[PDB]
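Chains as they are written, first to last, in the numbering used here: chain A, 3 to 87; chain B, 4 to 294; chain C, 1253 to 1420; chain D, 747 to 830; chain E, 141 to 382. Here the structure comes first, spelled out in structure tokens, and everything after it is commentary.
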Amino acid sequence: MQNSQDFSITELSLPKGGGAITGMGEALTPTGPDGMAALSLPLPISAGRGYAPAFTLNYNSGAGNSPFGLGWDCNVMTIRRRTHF
Amino acid sequence: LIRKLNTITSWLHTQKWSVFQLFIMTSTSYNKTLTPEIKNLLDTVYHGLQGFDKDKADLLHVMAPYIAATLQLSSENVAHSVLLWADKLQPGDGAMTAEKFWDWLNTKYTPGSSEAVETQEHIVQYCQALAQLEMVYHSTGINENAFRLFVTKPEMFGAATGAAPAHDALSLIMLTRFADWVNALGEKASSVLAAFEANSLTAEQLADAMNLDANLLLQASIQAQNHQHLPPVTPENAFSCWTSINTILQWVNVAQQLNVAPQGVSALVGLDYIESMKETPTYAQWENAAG
Amino acid sequence: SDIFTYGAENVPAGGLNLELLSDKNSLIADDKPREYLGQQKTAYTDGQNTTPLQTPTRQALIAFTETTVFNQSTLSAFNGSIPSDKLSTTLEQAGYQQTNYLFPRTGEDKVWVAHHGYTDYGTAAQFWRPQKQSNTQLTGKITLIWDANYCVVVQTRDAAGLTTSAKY
Amino acid sequence: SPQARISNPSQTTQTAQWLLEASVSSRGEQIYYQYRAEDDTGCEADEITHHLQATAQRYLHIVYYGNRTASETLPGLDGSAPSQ
Amino acid sequence: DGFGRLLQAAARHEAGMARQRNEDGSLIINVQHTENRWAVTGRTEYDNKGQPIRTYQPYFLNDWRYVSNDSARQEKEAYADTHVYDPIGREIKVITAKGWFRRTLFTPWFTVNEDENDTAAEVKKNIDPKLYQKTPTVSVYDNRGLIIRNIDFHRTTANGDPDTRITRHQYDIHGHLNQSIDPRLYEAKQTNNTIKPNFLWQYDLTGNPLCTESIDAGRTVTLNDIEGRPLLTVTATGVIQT
């Protein structure tokens, strides 16, 4: 609808049940030029007020070991000293 | 003949043209035919020739917009020059100019059909000719204004003079030199073309556009005006006739290859052998020239 | 947003690209017959004033959005069938307003726009949640009553006092 | 805060990494990230014997979000430990 | 399925005849009476992208439990359509349980839509199918992706030379439909230029028609207020309604 807003809040309607079972997300990532295999899994993080940590658990071939098992990263934002040279 | 070939073939070799490309651009055989390659232009020229009043309308302004679409993107101004040219040249068996379009093509031709009065065949020759100048425009790499000038004032370039240039391969070389020249002028080319069409262009002003030391352009003009060249060169048209400009720029170009400053070029010109005027050079001339 | 139309004869060999279009004599250069398709503007607030701000605040609180609905040339659509004074009057009653072009050119007049999507926001002490909403000024506002933690809306009220609510 | 850092165990000013500790939104919402430092519980003597310091690693332990009280500032300032 | 797509659903019905589910999920075509009867509907096999490829007709079943697909694909009487797709994801061909099919040809400017009669001659191994040979419906597009011509082909006999019936459309600068012409009127317009299009439209900048005019119904004009609800309108007969 034109001359209306996309943030309009008009209902306190209840969700419906049944339907298809989707299960958990499994993003087998459509990678390109790097050639690596990768997979993202969502975490059970409540939206809360709308400002939740943006975490996911990520598999990346070549990632190395980690607190989440070999090949998977935590995906937490950090700043680090560069060690490559 | 061999020198004519050295003149044209060495040129085609740097312009990346084949003889065939030259041939289709320079042939004046103008085949009298109406296959789709021709019909496709005639079929839209009719809108121009039917929606306009010919005794009030300027046919060049009427037709240039339609040939723009049937020709490969000929802007109205290029298209204007393409028609103006054909009208002065008469590129056909007889005096085949655009006006036949108003009397026969948009009357008897019957748009969409090739069964009509023989005037339609002369229309074909004209239309093919327009396409030839188009091929020349694009294969030459000539600017839009640079191009209209050879049609507007053909004399200045050594063109047909009493007409817009015929597709004479030798003229194509000269017509091309102007195109190469405006490309040399680059971004400054438009102030020069205006001054050039006008009688205001002179020494120093051109040199700036040509990125030359103005004094070398200037003394080059002075020699161009003192030596008898095929065209006469006098200060009045030293920078208005393209042919005078080439004479001058050649005095500059030679000085550059010889590193002698154009007066110094003349010194090495008047050193003759089998001289028909019997102006046997003297030792002093050879001596000064060597110096 | 404007539009140009050119014929096939205007497509330069090789097609269009930035170097050609950026040229002062290009198909999108100035002094060309641009047709107007429409324009939009975002109006920002500070949660206190009804008068829109010249610039947005940190919270980017959008007060409302402006859209052009009619140009002078589109009002021609009515084919008359309404008095000209009646028409401007009717449009004002209908919520349309006349304003300038956001990206104006020499040679044009005011156009009619609609204002919509109005939101009244609460304050920073509250998490900056919308408190009241309306499609426009032609209708009333829906009141949003936020829970104690400003997480979900607990109760909504329409303009007529009609009220719904929910437990979570 | 020290737990948000990975640094040379002895020369503790030599920070290798600065991990996200806190964030605030323009609308007054906050997130605080509590990290746990590496220790030797659950390890045998062999591990302890060979890797005497090895306290450098940090793990994300608790993410605190949905501040009860609106605020424009970062929740990690002044080093105040988060409390549920 | 594991992608969250519906494979099928069934509803409970009153006792009656139903196909039977065998112990291994096999489908038994020969029906028997049962107290426990469900109607199976919306049964679809997919191509692992989610483009349904085999879609089944509804049937009754003496179970609620899902019927195996290796079984259904082999029974034949377990009727279904086959949907063949291109690399774009568009349907190319749809083959029904009768062997009859629909087919669509896509070109950069037009879409040729063949119905089951157009293709009847190709499924030969009623109405003499020669009649529909080469009579697809063709949708012709402009370079904005809008349809500007609809070309139908017309024969009243199987051996006739098909006519061409073209409905024309024009769109304005916003892509709204500006006008349309019935091919009968179109040809007439070419003879007499005072002839109007069947329909004309005028729009505001949000795409709301403000006006419409029809050679069959006269001209109307409408003004809606900014919420889209109508405020003022005039009928072809001049009735002003507010």
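Even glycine gets a Cβ: it sits at the ideal position worked out from N, Cα and C.
Provide the residue span of the beta strand (DSSP E) that contains residue 160 (chain E), from first to last.
Indexing the fifth sequence from 1 puts residue 160 (chain E) at position 20. That run of the beta strand (DSSP E) goes 156-161.
For residue 121 (chain B) and residue 43 (chain B), I'd like the C-alpha separation in whole angstroms.
If you number the second sequence from 1, residue 121 (chain B) lands on position 118. If you number the second sequence from 1, residue 43 (chain B) lands on position 40. Rounded to whole angstroms, residue 121 (chain B) to residue 43 (chain B) spans 18 Å at the Cα level.
Short of 8 Å in beta carbon distance, which residues of its chain neighbour residue 302 (chain E), apart from the five on each side in sequence? Order them along the chain.
Taking the first residue of the fifth sequence as 1, we reach residue 302 (chain E) at position 162. Excluding positions up to five away in sequence, the list reads 274, 275, 293, 294, 295.
Taking Cβ-Cβ distances shorter than 7 Å, what residues in chain C pair up with residue 72 (chain B)?
Counting from one through the second sequence, the residue named residue 72 (chain B) turns up at place 69. Those within 7 Å of residue 72 (chain B) in chain C are 1259, 1260, 1261.
When the distance is taken between beta carbons, is residue 1373 (chain C) closer than 9 Å to residue 1299 (chain C)?
On the third sequence, residue 1299 (chain C) is found 47 positions in, with the first residue counted as 1. On the third sequence, residue 1373 (chain C) is found 121 positions in, with the first residue counted as 1. Cβ distance < 9 Å, so residue 1299 (chain C) and residue 1373 (chain C) count as in contact.
With C-beta atoms as the reference, is residue 765 (chain D) less than 9 Å away from residue 80 (chain A)?
Position 19 of the fourth sequence, counted from the start, is the residue given in the question as residue 765 (chain D). Position 78 of the first sequence, counted from the start, is the residue given in the question as residue 80 (chain A). Yes, the Cβ-Cβ distance between residue 765 (chain D) and residue 80 (chain A) is below 9 Å.
Take residue 64 (chain A) as the anchor and find which of A:76, A:55, A:39, A:6 has the nearest alpha-carbon.
The residue labelled residue 64 (chain A) in the question sits at position 62 within the first sequence. Ranking the options by Cα distance to residue 64 (chain A), first place goes to A:39.
Going along the chain, which residues of its own chain have a beta-carbon closer than 6 Å to the beta-carbon of residue 131 (chain B), five neighbours each way excluded?
Taking the first residue of the second sequence as 1, we reach residue 131 (chain B) at position 128. Counting only Cβ-Cβ distances below 6 Å, and skipping sequence neighbours, we find 33.
Roughly how many angstroms lie between the CA atoms of residue 207 (chain E) and residue 1365 (chain C), to the nearest whole one?
Residue 207 (chain E) sits at position 67 when you count from the first residue of the fifth sequence. Residue 1365 (chain C) sits at position 113 when you count from the first residue of the third sequence. If I take the Cα positions, the gap works out to 59 Å.
In angstroms with no decimal places, state the Cα-to-Cα distance between residue 755 (chain D) and residue 85 (chain A).
Residue numbering aside, residue 755 (chain D) sits at position 9 when the fourth sequence is read from its first letter. Residue numbering aside, residue 85 (chain A) sits at position 83 when the first sequence is read from its first letter. Roughly 18 Å separates the two Cα atoms.
Below 9 Å on C-beta distance, what does residue 4 (chain A) contact in chain E?
As a working mapping, residue 4 (chain A) is identified with position 2 in the first sequence. Within 9 Å Cβ-Cβ: 346, 347, 348, 366, 368.
Are the beta-carbon atoms of residue 768 (chain D) and residue 806 (chain D) separated by less than 9 Å?
Working through the fourth sequence from its first residue, we reach residue 768 (chain D) at position 22. Working through the fourth sequence from its first residue, we reach residue 806 (chain D) at position 60. No; because the gap between Cβ atoms is not below 9 Å, this pair is not in contact.
Ends of the beta strand (DSSP E) at residue 1314 (chain C)?
Here residue 1314 (chain C) refers to the residue found at position 62 when the third sequence is read from its first residue. Segment 1313-1322, the beta strand (DSSP E) holding residue 1314 (chain C).
Please name the residues in the segment 36-61 of chain A whose beta-carbon is closer than 8 Å to at least one beta-carbon of chain C, in chain order.
Going along the segment 36-61 of chain A in chain order, one finds 50, 51 with a Cβ nearer than 8 Å to chain C.
Quick one: which residues of the segment 1376-1393 of chain C get their C-beta closer than 9 Å to a C-beta of chain D? List them in chain order.
Listed in sequence order: 1376, 1377, 1378, 1379, 1380, 1381.
So, is residue 1271 (chain C) buried or exposed, given that buried needs 16 or more other C-beta atoms within 10 angstroms?
Indexing the third sequence from 1 puts residue 1271 (chain C) at position 19. That one is exposed.
Mind listing the chain A neighbours of residue 1396 (chain C)? Cutoff is C-beta to C-beta under 7 Å, in chain order.
Taking the first residue of the third sequence as 1, we reach residue 1396 (chain C) at position 144. Result: 11.
Cβ atoms of residue 245 (chain E) and residue 234 (chain E): under 9 Å apart, would you say?
Translated into positions along the fifth sequence, residue 234 (chain E) becomes position 94. Translated into positions along the fifth sequence, residue 245 (chain E) becomes position 105. Their beta carbons are not under 9 Å apart, which means residue 234 (chain E) does not touch residue 245 (chain E) by this criterion.
From what residue to what residue does the beta strand (DSSP E) around residue 44 (chain A) run?
Walking along the first sequence from the start, residue 44 (chain A) turns up at place 42. Start and end: 40-44.
Would you say residue 22 (chain A) reaches chain E, if we count a Cβ-Cβ gap shorter than 9 Å as a contact?
By 1-based counting over the first sequence, the position of residue 22 (chain A) is 20. Answer yes: the Cβ-Cβ gap between residue 22 (chain A) and chain E drops below 9 Å somewhere.
Three-state secondary structure (DSSP) at residue 285 (chain E)?
Sequence index remark: in the fifth sequence, residue 285 (chain E) carries index 145 (1-based). Here residue 285 (chain E) sits in coil by DSSP.
Determine the burial state of residue 23 (chain A): buried for a count of at least 16 other Cβ atoms within 10 Å of its Cβ, exposed for fewer.
Within the first sequence, the letter at position 21 stands for residue 23 (chain A). So residue 23 (chain A) counts as exposed.
Check whether chain A comes within 9 Å of residue 145 (chain E), counting only Cβ atoms and requiring the distance to be less than that.
Taking the first residue of the fifth sequence as 1, we reach residue 145 (chain E) at position 5. Output row for residue 145 (chain E): interface = yes.
Considering only residues of the same chain and omitting the five flanking positions on each side of residue 1253 (chain C), which have a CB-CB separation below 6 Å?
Along the third sequence, read from residue 1 onward, the residue named residue 1253 (chain C) stands at position 1. Once the five neighbours on either side are set aside, the close Cβ partners of residue 1253 (chain C) are 1289, 1290.
Taking 9 Å as the cut-off, decide whether the C-beta atoms of residue 1311 (chain C) and residue 1376 (chain C) are in contact.
Here residue 1311 (chain C) is taken as the residue at index 59 of the third sequence, counted from 1. Here residue 1376 (chain C) is taken as the residue at index 124 of the third sequence, counted from 1. Going by C-beta atoms, residue 1311 (chain C) is nearer than 9 Å to residue 1376 (chain C).
For residue 203 (chain B), which residues of its own chain have a beta-carbon under 7 Å away from its beta-carbon, when the five flanking residues on both sides are left out?
The count along the second sequence starts at 1 and reaches residue 203 (chain B) at position 200. Once the five neighbours on either side are set aside, residue 203 (chain B) has no close Cβ partner at all.
Determine whether the Cβ of residue 1348 (chain C) lies closer than 9 Å to any Cβ atom of chain E.
Counting from one through the third sequence, the residue named residue 1348 (chain C) turns up at place 96. Taking Cβ atoms only, chain E reaches closer than 9 Å to residue 1348 (chain C), which makes this a yes.
Go ahead and label residue 146 (chain B) buried or exposed: buried means 16 or more other beta carbons lie within 10 angstroms of its beta carbon, across all protein chains shown.
The residue labelled residue 146 (chain B) in the question sits at position 143 within the second sequence. The residue is buried, with at least 16 neighbouring Cβ atoms inside 10 Å.
Given a threshold of 16 other Cβ atoms within 10 Å of its Cβ, counted over all protein chains shown, does residue 244 (chain B) qualify as buried or as exposed?
Here the question's residue 244 (chain B) lines up with position 241 in the second sequence. So residue 244 (chain B) counts as buried.
Would you mind telling me which residues of chain A sit closer than 7 Å to residue 1253 (chain C), beta carbon to beta carbon, in chain order?
Counting from one through the third sequence, the residue named residue 1253 (chain C) turns up at place 1. In chain order: nothing, as chain A lies at least about 15 Å away.
Just to confirm the assignment, what range does the beta strand (DSSP E) spanning residue 374 (chain E) have?
Working through the fifth sequence from its first residue, we reach residue 374 (chain E) at position 234. Note, residue 374 (chain E): beta strand (DSSP E), 370-374.
Please report the Cβ distance between residue 181 (chain E) and residue 198 (chain E), rounded to the nearest whole angstrom; I am assuming they are in contact, meaning their Cβ atoms lie under 8 Å.
Start at 1 with the first residue of the fifth sequence, and residue 181 (chain E) comes out as number 41. Start at 1 with the first residue of the fifth sequence, and residue 198 (chain E) comes out as number 58. Yes, they are in contact, since the Cβ atoms of residue 181 (chain E) and residue 198 (chain E) sit about 4 Å apart, within 8 Å.
When you compare the segment 353-365 of chain E with the segment 1326-1342 of chain C, are there three or more beta-carbon pairs, one atom per stretch, that lie closer than 8 Å?
The segment 353-365 of chain E vs the segment 1326-1342 of chain C: in contact.
Would you report the Cα separation of residue 158 (chain E) and residue 239 (chain E), rounded to the nearest angstrom?
As a first step, residue 158 (chain E) is located in the fifth sequence; it is residue number 18 there, counting from the start. As a first step, residue 239 (chain E) is located in the fifth sequence; it is residue number 99 there, counting from the start. So the alpha carbons of these two residues sit roughly 25 Å apart.
State buried or exposed for residue 280 (chain B), treating a residue as buried only when at least 16 other CB atoms are found within 10 Å of its CB.
Counting from 1 along the second sequence, the entry for residue 280 (chain B) is found at position 277. The residue in question, residue 280 (chain B), is exposed, as its Cβ has fewer than 16 Cβ neighbours within 10 Å.
Quick check on residue 177 (chain E): does DSSP put it in helix, strand or coil?
What you label residue 177 (chain E) is simply residue 37 of the fifth sequence in a count that begins at 1. Correct three-state label for residue 177 (chain E): strand.
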